[PDB]
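Below is one structure, written out as structure tokens, with a few remarks after it.
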């Protein structure tokens, strides 16, 4: 039983600050493009001791991604060069792991692969945090820090609900999550203490 969905987004600059080698599907390699928040995954919010994962034991079928491939590569890249540990000790690409581990547990609100990726992408584009931040003048930078409050206000004003921010211990923004109800309408996320008063949104390392 759950009431809300959580859409987890990752800040590319922080996921890429530990260099690495360019490999397929990697979001840290791609000529020249601005650093932005990309999709990590959509999942049911469980808060009662038990937190289910892998609910159908259903094999991820890459064929059902087709009408979304271009968008997934651009907005849902991976930041590791290895396959992700998924259900049944099965190695999988990020999209697969997210679908099997969480999307299956979203039934019947979300039924099947297609609808999972379709819904996740729709929410990302409709309530676009990157556009909100850019509008406020909050952009990737290695020399300037930002008031945490400026970022929160930008997202709330644009999306209509309070997000959840998570920073590493050096004050770098790592993730930003949005919460939604079963009808996919924005809802304030539970308050959390992670980020200091001033934070940084580093650019992807060259």
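Residue numbers (the numbering used here): 1 to 206.
Beta carbons: idealized from backbone N, C-alpha and C, even for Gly.
For residue j and residue i, the rounded distance between their alpha carbons
i, j, result
"residue 15", "residue 75", "14 Å"
"residue 151", "residue 35", "16 Å"
"residue 231", "residue 182", "What the structure shows of the chain is the stretch from 1 to 206, and residue 231 is not part of that stretch, so it cannot be assessed."
"residue 62", "residue 205", "31 Å"
"residue 129", "residue 148", "15 Å"
"residue 27", "residue 108", "31 Å"
"residue 131", "residue 168", "23 Å"
"residue 72", "residue 90", "21 Å"
"residue 33", "residue 166", "24 Å"
"residue 138", "residue 126", "19 Å"
Status (buried if at least 16 other CB within 10 Å, exposed otherwise) for residue i
i, result
"residue 101", "buried"
"residue 99", "buried"
"residue 31", "exposed"
"residue 226", "No answer is possible for residue 226: the residues shown for the chain start at 1 and end at 206."
"residue 97", "buried"
"residue 124", "buried"
"residue 69", "exposed"
"residue 51", "exposed"
"residue 113", "buried"
"residue 85", "exposed"
"residue 154", "buried"
"residue 92", "buried"
"residue 111", "exposed"
"residue 106", "buried"
"residue 41", "buried"
"residue 179", "buried"
"residue 119", "buried"
For residue i, the residue or residues it bridges with in DSSP
i, result
"residue 8", "41, 177"
"residue 145", "200"
"residue 187", "179"
"residue 167", "173"
"residue 104", "Answer is none; residue 104 lacks a bridge partner."
"residue 98", "Paired residues: none, contrary to the question."
CB contact flag (residue i, residue j, <7 Å)
i, j, result
"residue 202", "residue 13", "yes"
"residue 145", "residue 59", "no"
"residue 78", "residue 25", "yes"
"residue 177", "residue 6", "yes"
"residue 87", "residue 55", "no"
"residue 23", "residue 81", "yes"
"residue 117", "residue 46", "no"
"residue 9", "residue 37", "yes"
Is the segment 151-162 close to the segment 187-197, with three or more CB pairs under 8 Å? These segments touch.
Any contact of the segment 190-201 with the segment 171-181, i.e. 3+ C-beta pairs under 8 Å? Because the criterion of three Cβ pairs below 8 Å is met, the segment 190-201 and the segment 171-181 touch.
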